[PDB]
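As a starting point, one isolated chain is supplied in structure tokens, in the form deposited in one PDB entry.
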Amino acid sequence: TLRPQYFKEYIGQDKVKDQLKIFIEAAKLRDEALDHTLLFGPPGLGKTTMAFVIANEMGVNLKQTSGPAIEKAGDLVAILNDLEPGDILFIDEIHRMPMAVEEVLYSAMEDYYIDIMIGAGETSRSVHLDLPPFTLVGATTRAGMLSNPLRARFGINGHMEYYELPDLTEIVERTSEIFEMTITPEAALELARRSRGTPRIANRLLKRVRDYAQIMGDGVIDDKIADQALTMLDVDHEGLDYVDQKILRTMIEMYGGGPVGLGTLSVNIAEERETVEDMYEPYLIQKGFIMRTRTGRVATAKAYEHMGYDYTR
């Protein structure tokens, strides 16, 4: 499989990976389960993959479900009864759980029991269900919309981060070894530099180069073939698409850097307002090529020096 399976194999994320190891080892030094854990980060950094590694390293079985699939208290309680001592329950998109079920989880996490009240008046009674020890692991992309009483129960937090060239290269090397293709280390570096720090992008580029290398070449990925393949595709050495280059060129040549409004820029490149703001503008901001101002977008000196145009304040 592509997904790593153990900390020995899981590349990167040394910060979160280093912390979890100490907590897991301390839990094993006692007859206790791991504290409830919550994972944060942007889309595509391994949040799903890390859950499996934690279970394998704990020497426990993994239960898996998703937030939207749970709608009545019995769903969660029924799943919770399946958990054996120390089992790990992984809930994806935990922020989408309905309040009707969210409110049931508090006594489970803190006391390991549920106390179902029933009846009315003189018939009012309750039943107490003991739950075996367990560890809830949650993953979310929009942490800010969780409720405060839930966030107060998680004892361990993990922030995922973008991978870096010295390690993102190893993912290409390893992935190129699952297919039956030899790749030069210098070629893998050229692919990593353009993957925006995201594993899915690195894999997508590698698949596209593989097709070219075996139809327009000898079925081997050398530095020479990589340059041709990356020339058929629009992706620049900084990872900018054809349209990304066209945006920067337009602002500098026609508006002298701005400020320029979103609507005025859209009609010049012939694109929708929603497309420029959501597809192309986000990466240009993170890379530091443009800034947003109350008067419109404006290009920074960092953008001038990359396009190769003279700059003056």
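Think of the rigid core as the biggest set of C-alphas that the two forms share within 1.5 Å after superposition. Residue numbers run from 1 along the displayed sequence.
Below: the form deposited in another entry, not depicted.
> If you line up the core, which of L38, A33, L248, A51 has a CA that moves 2 Å or more between the shown form and the other one?
Flagged residue: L248.
> With both forms fitted on the core, give yes or no for whether the Cα of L20 moves by 2 angstroms or more between the shown form and the other one.
Not so; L20 is displaced by less than 2 Å.
> Using a rigid core alignment, state whether the CA of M279 is displaced by 2 Å or more between the shown form and the other one.
Shift at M279: 2 Å or more after core fit.
> How about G67 - superposed on the rigid core, does its CA move between the shown form and the other one by 2 Å or more?
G67 C-alpha, core-superposed: shift of less than 2 Å.
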